[PDB]
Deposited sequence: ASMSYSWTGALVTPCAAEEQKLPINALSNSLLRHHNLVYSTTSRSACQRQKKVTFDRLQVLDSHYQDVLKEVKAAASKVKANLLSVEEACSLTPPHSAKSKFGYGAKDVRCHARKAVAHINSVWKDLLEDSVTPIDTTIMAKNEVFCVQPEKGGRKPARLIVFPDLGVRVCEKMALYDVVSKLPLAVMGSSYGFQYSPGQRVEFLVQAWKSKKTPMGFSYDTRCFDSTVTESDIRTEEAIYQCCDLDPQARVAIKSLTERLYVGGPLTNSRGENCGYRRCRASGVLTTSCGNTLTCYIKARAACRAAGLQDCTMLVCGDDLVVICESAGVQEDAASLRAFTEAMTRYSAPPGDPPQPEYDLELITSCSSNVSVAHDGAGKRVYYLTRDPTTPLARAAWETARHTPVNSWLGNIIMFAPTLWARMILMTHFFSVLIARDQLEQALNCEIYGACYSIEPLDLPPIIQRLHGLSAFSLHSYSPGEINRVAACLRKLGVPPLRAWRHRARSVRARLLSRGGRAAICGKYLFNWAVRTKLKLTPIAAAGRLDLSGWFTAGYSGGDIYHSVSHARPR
């Protein structure tokens, strides 16, 4: 079947959509080549529709069936519970699309009586009707990028049911999605790791091979490749768990009425078309993609005969490290891997390339690199080209945004030369200028929402990355050059100018005392010649990373209202 069928009605916006990077003095102090930075808008939705629309080829074989049997057997060990409406309400991210039934995410999060009553009615309907397709909205995601040489990117399309349905999805499945991937995949489950744990996993996997070869596999539009039978298989896996009787009914109803497909409506109420693939804005998008990618990849590894595979899966992101059989055989065996993935309906975007240097693999838009700590010891850490983080940071300085990618980037990429020298220096200077150091900000890391005060960054970073994150030095020539090239391209001041600026920022934070002084001492010790002794921060041991800062969860994109 075709992944989508369209009517000719357009994907329409809700509010005006800015295309060009707005300019203000503070955003310009970070990045001056503003004409290179753009936001995707509904204007390019038609271009995206053409790429995501295609027929699917699915031929399952014994290797696929063997893996599915293992997965169903593993799933049978899981006990998952129904979430109360109240817990499902509290997990709703702030600013997700309001309901068309007279309430928004803020009402849901507050457990407002009107929101709760409507959610209960949607729940009763899922228990009573297992077949009527549930309506979905299609929107063009507005995301910021830097223009490229060999290419602008069209907007991603987000497909989501109404807010009341979204809360019901958490009631029926949040506990299932929270437990099932680890039970099924064990150490291959990517979302259980911090950046430090992911790098440790990759390095250990690489070192475990006699002659390692690794590759990332880029599926062409993964959500569109997911078939009705894949979605019905995910439903069968969920049902292997020990579940509550109403959860079993609601899971079947959500699968048949929503997950397998359904009508697409634009913001103006017009019929846009029909979907027969993964909806990007449902609770099961991340879990379902992780499970389905894992099953297909593990089967394709076996179909290709790849030796001693170690896989790491985060949604549609796949990285495989195996035993090399020589360059010509590896090239042939990767083509066989691709051919099997193609038969399972996971065809390639860019064909995979065998890599013999761990640093040359990009996965979860990042690569392994090396630096040294305060004692000169080698430290592996995750980094990435800083172009998109910098372009987004400049937009977020010029415009108030609901979610701050800069904050998520400082958190995830705290040990990096670019996040420390540029992002921390810039944002702490902006927060000082605007008197906003104490205000909590939202960020989203692969759908996990967090509410964080900038003044809590040092204990959060210590707990997440370790004390070495404040002492890394001797970054690689390749890493230094990639950051330097990015700065010249975007019109960002050179690292030595940021170093000069950080000395003033660090001094201002120190003068404020308390948490602010800890920000100056720890985050900016790289900027001074005479170093301060960085001892473990007491607040780092007191906090809980996973639990104190959560502000909800989304399984996939969803429009910010």
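Query raised in the report: What are the unmodelled segments when the structure is compared with the full deposited sequence, in sequence order?
Result: Sequence ranges with no C-alpha atoms are 1, 153 to 154, 565 to 571.
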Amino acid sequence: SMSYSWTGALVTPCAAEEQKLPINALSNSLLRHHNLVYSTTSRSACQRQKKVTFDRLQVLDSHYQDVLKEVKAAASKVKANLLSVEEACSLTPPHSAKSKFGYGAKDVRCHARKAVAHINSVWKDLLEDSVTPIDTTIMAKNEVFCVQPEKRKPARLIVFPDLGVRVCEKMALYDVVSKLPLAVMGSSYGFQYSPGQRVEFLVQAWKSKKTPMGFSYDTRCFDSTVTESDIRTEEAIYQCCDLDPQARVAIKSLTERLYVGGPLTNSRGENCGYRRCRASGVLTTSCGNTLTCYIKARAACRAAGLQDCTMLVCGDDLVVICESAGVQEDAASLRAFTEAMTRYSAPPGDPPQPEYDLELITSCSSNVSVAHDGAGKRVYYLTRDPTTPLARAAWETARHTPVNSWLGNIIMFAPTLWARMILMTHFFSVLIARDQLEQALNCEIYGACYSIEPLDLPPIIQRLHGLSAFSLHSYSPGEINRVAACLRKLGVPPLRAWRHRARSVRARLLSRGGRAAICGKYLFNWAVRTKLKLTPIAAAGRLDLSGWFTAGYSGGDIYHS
From here on, numbers count along this sequence of modelled residues.
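Query - Mean C-alpha B-factor comparison - 385 to 393 and 263 to 271, higher one - result: Stretch with the higher mean C-alpha B-factor: 263 to 271.
Query raised in the report: Which of the two stretches, 524 to 532 or 46 to 54, shows the higher mean Cα temperature factor in the record?
Result: Comparing 524 to 532 with 46 to 54, the higher mean C-alpha B-factor belongs to 524 to 532.
Report task. Name the residue from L487, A440, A300, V226 with the greatest C-alpha temperature factor listed in the entry. Result -> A440 has the highest C-alpha B-factor of those listed.
Query raised in the report: Highest Cα B-factor in the PDB entry belongs to which of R482, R399, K296, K252?
Result: That would be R399, according to the entry.
Query - Ranked C-alpha temperature factor of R378 among modelled chain residues, by third - result: For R378, whose C-alpha B-factor we compare with every modelled residue in the chain, the answer is the highest third.
Requested in this report: For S365, return the chain-relative third of its C-alpha B-factor as stated in the PDB record: lowest, middle or highest.
Outcome: Highest third of the chain for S365's C-alpha B-factor.
Query raised in the report: Which third, lowest, middle or highest, does the CA B-factor of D350 fall in along this chain?
Result: Its C-alpha B-factor, which the entry lists for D350, ranks in the highest third among residues of this chain.
Query - CA B-factor ranking of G408, expressed as a third of its chain - result: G408: CA B-factor falls in the middle third of its chain.
Report task. Compare the C-alpha B factor of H95 with those of the other modelled residues in its chain, then answer lowest, middle or highest third. Result -> As the PDB entry reports it, the C-alpha B-factor of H95 lands in the highest third of its chain.
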